[PDB]
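*Asks:* Residue numbers (the authors' numbering): 1 to 330.
Backbone N, C-alpha and C define an ideal beta-carbon position, used for all residues, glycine too.
Structure below; questions to follow.
Right, dumping it as structure tokens:
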């Protein structure tokens with residue numbers, strides 16, 4: 001089997017991407033944030049504290065003839081950005097782009113943190129990291145991909161995120177028309193539960209490539225590119241007037257600037273992030289100070305190849321017995 005679904009930016013900055021997901025019988029369609037940095041499929045629901053729902057579409061398990069309470073199971077998650085959610089668990093039928101999994105754990109939120117409430121466009125998350133990170137207790141549950149994998153034509157999914165435009169998540173096949181040149185595959189460590197890999201280096205603009213190993217995670221659920229302070233300083237030094245602002249929480253730059261591109265290495269291959277992908281707009285409405293899309297990972301404890309990086313590539317998440325990651329230009 002295969003599936004293919006369009007993923008759409010939630011706003012004009014590509015702060016996140018939502019993908020429609022069918023849950024239950026009859027289907028209830030929710031727009032979920034596909035997150036290769038976590039492993040829980042959780043939704044706003046009829047059980048979510050009423051004051052914490054503000055415009056989201058909810059899953060109502062009592063209206064699904066295939067929903068079953070997973071007795072005794074609870075979940076609770078905290079994300080790298082400080083947000084969080086928790087609740088109980090149902091199993092139900094879940095379909096993405098024509099690919100159906102029966103008995104998928106659907107984690108129903110009883111509580112969500114303010115950042116989720118305040119984002120009306122995201123109805124929940126669909127985790128695509130390794131199932132070892134799933135938070136369901138006392139019996140850990142499998143991700144949608146893990147459940148689908150054996151049925152897929154090939155045990156893979158691909159992320160093709162757009163810049164200021166829709167893109168595509170495919171399951172079970174590689175669309176050879178969706179990228180240019182070849183896909184370069186690189187090793188993955190699953191030791192921390194992530195799609196963790198090692199970039200071979202970077203360049204700033206038309207500058208020389210610096211060969212250096214940068215361990216990090218491919219994370220569709222993180223907006224920005226978080227890299228070591230040395231790398232990030234080298235990038236922003238090429239933008240007149242850019243500076244790190246402790247008050248704002250990162251590098252800012254004059255909105256009048258033209259940003260240089262940023263290149264990262266994948267083996268001997270190179271992925272070029274155009275400068276415009278690094279612009280996250282005014283820090284507050286009407287400001288001429290703009291927020292940068294490349295930020296320091298210092299104090300995160302891990303480097304994160306988030307959407308800024310991934311949207312410059314066609315990315316293969318290869319879930320073969322020994323997982324790997326592939327990157328192509330597009």
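(1) To the nearest angstrom, how far is the alpha carbon of residue 88 from that of residue 42?
(2) Is there contact here, the segment 76-84 with the segment 7-27, by at least three beta-carbon pairs under 8 Å?
(3) Just to confirm, are residue 223 and residue 306 a CB contact at a threshold of 8 Å?
(4) Could you spell out where the beta strand (DSSP E) holding residue 227 opens and where it closes?
(5) Excluding the 5 residues preceding and the 5 following residue 278 in the sequence, name in chain order all residues of the same chain whose CB lies nearer than 7 Å to its CB.
(6) According to DSSP, is residue 278 helix, strand or coil?
(7) What distance in whole Å lies between the Cβ atoms of residue 220 and residue 36, which are believed to be in contact at a cut-off of 8 Å?
(8) Would the segment 160-167 count as touching the segment 58-75 if we require 3 or more Cβ pairs under 8 Å?
(9) Rounding to the nearest angstrom, what Cα-Cα distance links residue 281 and residue 255 in this structure?
(10) Compare the C-alpha of residue 66 against each of 127, 103, 121 and name the closest.
(11) Since residue 257 contacts residue 241 with CB under 8 Å, what's their CB separation in whole angstroms?
(12) Pull up the CB-CB distance for residue 252 and residue 245, whole angstroms please, since I reckon it's below 8 Å.
(13) Considering only the beta carbon of each residue, do residue 48 and residue 149 sit closer than 8 Å?
(14) Would you tell me roughly how many angstroms separate the C-alpha atoms of residue 287 and residue 2, rounded to the nearest one?
(15) Just verifying my parser: in three-state terms, what is the DSSP assignment at residue 233?
(16) What is the DSSP secondary structure of residue 144, counted as helix, strand or coil?
(17) Spatial neighbours of residue 122 within its chain, please: C-beta separation below 8 Å, excluding the five flanking residues on both sides.
(18) In three-state DSSP terms, what is residue 307?
(19) Let me make sure I understand the geometry here. Which of 137, 172, 120 has the alpha-carbon closest to that of residue 358?
(20) Expressed to the nearest angstrom, what Euclidean distance is found between the alpha-carbon atoms of residue 97 and residue 167?
(21) Indicate the three-state DSSP secondary structure (helix, strand or coil) for residue 200 in the structure shown.
(22) Give a single yes or no on whether residue 97 has its beta carbon closer than 7 Å to a heavy atom of the ligand SAH.
(23) Any idea what DSSP makes of residue 298, helix, strand or coil?
(24) Going by CA-CA distance only, name the one from 62, 231, 54 that's closest to residue 27.
*Replies:* Put simply:
(1) The residue given as residue 88 occupies position 88 in the chain shown. The residue given as residue 42 occupies position 42 in the chain shown. Cα to Cα, the separation comes out at about 10 Å.
(2) no
(3) Indexing the chain shown from 1 puts residue 223 at position 223. Indexing the chain shown from 1 puts residue 306 at position 306. Yes, these two residues count as a Cβ contact at 8 Å.
(4) Position 227 of the chain shown holds residue 227. Element bounds for residue 227: 225-227.
(5) To locate residue 278, count along the chain shown from 1; it is residue 278. Taken in chain order, the residues that qualify are 259, 262, 292, 293, 294, 308.
(6) By one-based count along the chain shown, residue 278 stands at place 278. In this structure, residue 278 counts as helix in the three-state DSSP scheme.
(7) On the chain shown, residue 36 is found 36 positions in, with the first residue counted as 1. On the chain shown, residue 220 is found 220 positions in, with the first residue counted as 1. The pair is a contact, with the Cβ atoms about 4 Å apart (cut-off 8 Å).
(8) no
(9) Here residue 281 refers to the residue found at position 281 when the chain shown is read from its first residue. Here residue 255 refers to the residue found at position 255 when the chain shown is read from its first residue. Rounded to whole angstroms, residue 281 to residue 255 spans 7 Å at the Cα level.
(10) Position 66 of the chain shown, counting from 1, holds the residue named residue 66. The option with the nearest alpha carbon to residue 66 is 103.
(11) Reading the chain shown from its first residue, position 257 is the one you call residue 257. Reading the chain shown from its first residue, position 241 is the one you call residue 241. Confirmed, Cβ separation roughly 7 Å.
(12) Taking the first residue of the chain shown as position 1, residue 252 is located at position 252. Taking the first residue of the chain shown as position 1, residue 245 is located at position 245. Sure, about 5 Å apart at Cβ, within 8 Å.
(13) Here residue 48 refers to the residue found at position 48 of the chain shown. Here residue 149 refers to the residue found at position 149 of the chain shown. Against a cut-off of 8 Å, the Cβ pair of residue 149 and residue 48 comes out as no contact.
(14) In the chain shown, counting from the first residue as 1, residue 287 sits at position 287. In the chain shown, counting from the first residue as 1, residue 2 sits at position 2. One C-alpha to the other measures close to 46 Å.
(15) As a first step, residue 233 must be located in the chain shown, where it is residue number 233. Three-state result, residue 233: helix.
(16) Numbered from its first residue, the chain shown carries residue 144 at position 144. The answer is helix: DSSP assigns residue 144 an H, G or I state.
(17) Sequence index remark: in the chain shown, residue 122 carries index 122 (1-based). So the list reads 10, 16, 18, 31, 32, 33, 56, 116, once near-sequence residues are dropped.
(18) Stepping through the chain shown from its first residue, residue 307 is reached at position 307. In the structure shown, residue 307 sits in a helix (DSSP, three-state: H, G or I).
(19) No answer is possible for residue 358: the residues shown for the chain start at 1 and end at 330.
(20) Counting from 1 along the chain shown, the entry for residue 97 is found at position 97. Counting from 1 along the chain shown, the entry for residue 167 is found at position 167. Residue 97 and residue 167: Cα-Cα distance of roughly 13 Å.
(21) In the chain shown, the residue the question calls residue 200 occupies position 200. Residue 200 falls in the strand class under three-state DSSP.
(22) Looking at this structure, you won't find the ligand SAH or any other ligand, since it has none at all.
(23) Taking the first residue of the chain shown as 1, we reach residue 298 at position 298. Coil.
(24) Translated into positions along the chain shown, residue 27 becomes position 27. Checked all of 62, 231, 54; the closest Cα to residue 27 is 62.
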